[PDB]
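Just so you know, these numbers use all the heavy atoms, side chains as well, and skip hydrogens, waters and symmetry mates. Below, chains carry the letters A, B, ... as their sequence lines are ordered, and counting in each starts from 1.
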Amino acid sequence: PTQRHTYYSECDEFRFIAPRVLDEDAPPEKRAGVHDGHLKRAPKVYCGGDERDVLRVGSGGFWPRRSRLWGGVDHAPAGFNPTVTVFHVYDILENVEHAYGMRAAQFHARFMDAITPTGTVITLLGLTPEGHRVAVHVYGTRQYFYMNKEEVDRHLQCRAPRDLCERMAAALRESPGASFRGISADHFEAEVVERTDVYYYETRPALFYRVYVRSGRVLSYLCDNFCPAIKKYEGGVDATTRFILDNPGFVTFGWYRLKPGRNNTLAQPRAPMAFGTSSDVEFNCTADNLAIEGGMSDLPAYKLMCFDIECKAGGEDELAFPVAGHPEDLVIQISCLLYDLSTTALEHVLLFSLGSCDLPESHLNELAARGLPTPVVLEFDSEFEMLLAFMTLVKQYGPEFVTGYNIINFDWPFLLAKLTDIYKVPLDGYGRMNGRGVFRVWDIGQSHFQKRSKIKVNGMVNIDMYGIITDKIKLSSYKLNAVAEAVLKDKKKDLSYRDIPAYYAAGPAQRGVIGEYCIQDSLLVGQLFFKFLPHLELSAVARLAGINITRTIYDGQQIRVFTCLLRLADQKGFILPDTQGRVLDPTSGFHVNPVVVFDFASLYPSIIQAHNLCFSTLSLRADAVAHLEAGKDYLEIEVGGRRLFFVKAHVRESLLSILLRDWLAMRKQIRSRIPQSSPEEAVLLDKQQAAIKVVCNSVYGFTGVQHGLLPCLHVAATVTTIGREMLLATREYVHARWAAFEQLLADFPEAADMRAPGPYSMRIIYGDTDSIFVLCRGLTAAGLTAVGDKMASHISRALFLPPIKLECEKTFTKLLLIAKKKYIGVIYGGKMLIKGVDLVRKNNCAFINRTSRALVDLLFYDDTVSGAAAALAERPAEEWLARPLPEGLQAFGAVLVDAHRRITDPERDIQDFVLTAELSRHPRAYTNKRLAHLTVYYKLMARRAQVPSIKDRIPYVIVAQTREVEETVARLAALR
DNA sequence: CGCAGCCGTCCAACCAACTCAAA
DNA sequence: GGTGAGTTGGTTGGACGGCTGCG
Ligand SMILES: [Ca+2]
């Protein structure tokens, strides 16, 4: 081939690592540990009693393939050549081609020029509607950056643009390493343009050199090593972003059409021996050969692989957590389920097994009954053969989407550690590209218990359902079984990691039980994936933000806003510089008068719009605004000690304000269609409106993150300053206008029915970041739910400006304020809401958890306890030491007395009082020694001097000093 | 009877182990 | 990616108060 394929298509030799337990009639002395040594035969697969080599492609293969090429052999049917008109892009790659490298391919001159002598090529990855895999390579996208003309001319004595091209070329030749060679001024194109720096209102338009560069590597050097005295603009912008922004309409995910170019040129199909990727067909084109295909929105037949690995620790402890760098800690099985992402149908069930494995009739009957495919079990003699066969599947079937549970944190890191460290397989050919592609995992950072990681593989969207579900569903435990019982309501089986070595050693039937359990977990995760449809959300954000779905997952929130801002800033002639290097506090207490929550709809975005906040409307200096009129043409605001100014929208409209304005218009338009739309559309529209929400809410954070892409702490500080002043204005208005019931009634004549017995008062009692809680003494809760909408409306007219809206969320009938962001309350509908508090403690026993709930539930649902709890707030805490406790709390005390009785009673259901831990270590002293579970294992409290199981959970219950348990532990301390 | 020394008790801070959470 | 797991429970050290001994 023209570019070498770097994945394995042939293999004669490998490091054979396999458990000695797989050898039949081995004596017990040999039936332990692993073989580890080289073997000189082809890697091999056994399936249903047939054998094939792993890397043999042809008829009879034990797993499906969607690969045209294998090791440069074209396995397409004779004369295969599908016409491509429309195709759906899901991911975009950017790579440097060199005309010299491609000289043996049959490419037209108009492509060769765009890579002469080098150039970035954008590769669109997709399917046709018939399910043919396509790559379209787009030529001609130069990256570019700007520098101020007067600073450049003065700094390095340039007269005309080709001088700057020579200066940059020289700065490449003279690099500290030999990293840039073959350079000329022609690697650059430079032109003079007029632009304005995005920062500050006073800033004049100036002449900049816009410099075009052929490679992101060349750019990254000039934007760090060349004239660092001169500030640079948009040097961090990648070729993908330039491609998406420079062509109106274009998207990183969606349907496209091939079409004639400006000189009636066409896309050129590549020959098979010139393919860059594992695709059925490939094309060269330029961006004028492309258009969006409007009216297509159905996803094509992409394939999803859901996978899960089982591992067995092979060292001195068979029950320790396995470590990939220890050769003897093996991958023993991999379940791999292949779905069609468009129909949601499970198409294949593959189980890779080290050692023979016979799946149970029970399991095979259950799958057949559920209508699912019959599993193919693939058996391997060694761990290398298995990992190579899984990676061979990944390259040959090429699943566009991959999922699993903790696949980023464990399964991929363990596999790729094994493949790179133990075995020495180059991963750069195992993605969509045939070599030199990204295939990498990395650790997030200093996070020691929560080991967390990211992955990028070219052309493969990794979505981990652990990430999706932790980001969505509030749960006590995120173990996959706990999630299956919570989300799918489905009580599936367990096999412990402690059971696995005992099962694995027994024989093929017991290794089958490991298979059943492994398959079943991948099925649960597939069902979770197609419940949440997370690809549709990530797709929606990718389309909206103008970034690929890969960056949508693995990069932060900032790049989303940055890319949108960059498009808009360009339209308006701005350029973005490359970044260098209290009365609201709750008096805690219990309220039995209704509490209305007012809450600002999207406070920070609505402030940004209302007050026209932006980089480009800010000023720090009065002579910037001395020609304008105060209050009319600009806002003045003291923020963090500085006097900031922001010109109002009719002087200059904020770029942030325009982004937010336009997004919220789209969100309305979509949500207006949802009730009319067909149920297939209704889910898509729901994903679109959700994508817009997360992008809007990220604007505030984007400005506030220092050393971010485009920071402006003055805007973030003004947003939060205005937010604080708005909450106090809300409090002052509410207190001043509605001091007396008559004033409320004059504004809302409904209040005549609402009026409850006793004194009327209406006071703010808590104020969050963007909500206010109003204690409505002397009003009934029922009508107050409705009057709150009209109050919130009236406040939003009297105060504030048209993008800002205060809304009535909810009415508590009873509320316990505990602290900032901690409260419990019962809503008017009877539902209890708990915020910032856990009433069940994970380390406590059932007796304590249930009794804790009983006390809180009684405070909220017994009005006698509620009223008496309100009476407590009449006095300081110390005075209730002297005075008798208020009448009505006796029923609350009664639950404590009852629970106390139930400790020291016969017929104590001891099972409610069982604490628990798993011993895990060896059972002797360590440091702290007296760990309860050790003294109910080793120095056993109640019973004989040893306990059978070292790695499972010790149940234990505390008991009285008795001159019997004392003697037991005090003598066991001597036995020791 | 007063003062000094020693012992006991209480409080605060730090360190270690468990938990998921993958096996 | 910047903060460390939270959490608790046990152990050690320091301070304060009370009782006993000595002058
Ligand atoms: Ca997993």
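In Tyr503(A), the OH atom is not crowded: 12 or fewer heavy atoms of neighbouring residues, nucleotides or ligands sit closer than 6.0 Å. Atom NZ of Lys492(A) sits in a crowded spot, with more than 12 heavy atoms from other residues, nucleotides or ligands closer than 6.0 Å.
For residues 312-321 of chain A, the pairs satisfying side-chain hydrogen bond (donor to acceptor under 3.5 Å, both in side chains) are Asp317(A)-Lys951(A), with sequence neighbours left out.
Scanning for ring pair (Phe, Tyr, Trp, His ring centres under 6.0 Å) contacts around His448(A) gives an empty result, with sequence neighbours left out. By the ring pair (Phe, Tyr, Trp, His ring centres under 6.0 Å) test, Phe414(A) is found to be paired with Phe410(A), residues two or more places apart in sequence or in another chain being considered.
Relative ring orientation between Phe529(A) and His535(A) is described as parallel, the plane-to-plane angle staying below 30° on a 0-90° scale split at 30° and 60°. Classified by interplanar angle (parallel below 30°, tilted 30° to 60°, perpendicular above 60°), the ring pair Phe352(A)/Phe390(A) is perpendicular.
Heavy atoms of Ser496(A) sit nowhere under 4.0 angstrom from any nucleic acid atom.
Taking a cutoff of 4.0 Å between a charged side-chain nitrogen and a carboxylate oxygen, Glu379(A) and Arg511(A) do not qualify as a salt bridge. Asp36(A) and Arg15(A) are joined by a salt bridge, as a carboxylate oxygen and a charged side-chain nitrogen come within less than 4.0 angstrom of each other. With salt bridges taken as basic N to acidic carboxylate O contacts below 4.0 Å, one links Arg551(A) and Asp238(A). A salt bridge is defined here as a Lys NZ or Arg NE, NH1 or NH2 lying under 4.0 Å from an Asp or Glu carboxylate O, and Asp555(A) with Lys454(A) fails to meet this definition.
To the nearest whole angstrom, the two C1' atoms, one in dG2(C) and one in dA21(B), are 25 Å apart. Remark: the separation of the P atoms in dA22(B) and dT3(C) is 27 Å, to the nearest Å. Atom P of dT19(B) sits at a distance of 15 Å from the matching atom of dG10(C), rounded to the whole Å. The P atoms of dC20(B) and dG4(C) are separated by 24 Å, rounded to the nearest whole Å. Taking the P atom of each, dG1(C) and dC18(B) are spaced 33 Å apart, rounded to whole Å.
For the segment residues 384-391 of chain A, the set of residues with a heavy atom within less than 4.0 Å of an atom of DNA chain C is empty. If you check residues 501-519 of chain A against DNA chain B, you find no residue with a heavy atom closer than 4.0 Å.
Of the N and O atoms on the side chains of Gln450(A) and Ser447(A), not one donor lies less than 3.5 Å from an acceptor on the other residue.
Nucleotide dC14(B) is matched to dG10(C) when pairs are restricted to Watson-Crick or G-U wobble geometry with both distances under 3.5 angstrom. The base-pairing partner of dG4(C), taking Watson-Crick or G-U wobble contacts with both distances under 3.5 Å, does not exist among the strands shown.
Position along DNA chain C of the nearest nucleotide to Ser447(A) versus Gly556(A) favours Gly556(A) as the more 5'-ward residue.
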With sugar-phosphate taken as primed atoms, P, OP1 and OP2 and all else as base, the protein-contact string of nucleotides 17-23 of chain B at under 4.0 Å (heavy atoms; B, S, -) is SSBBBBB
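No stacking contact links strand neighbours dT19(B) and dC20(B) by the limits of base ring centres under 5.5 angstrom apart and planes under 30 degrees.
Rounding to whole angstrom units, CD1 of residue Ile444(A) and P of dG4(C) are separated by 18 Å.
For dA5(C), the torsion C1'-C2'-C3'-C4' is above zero, which places the sugar in the north, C3'-endo range.
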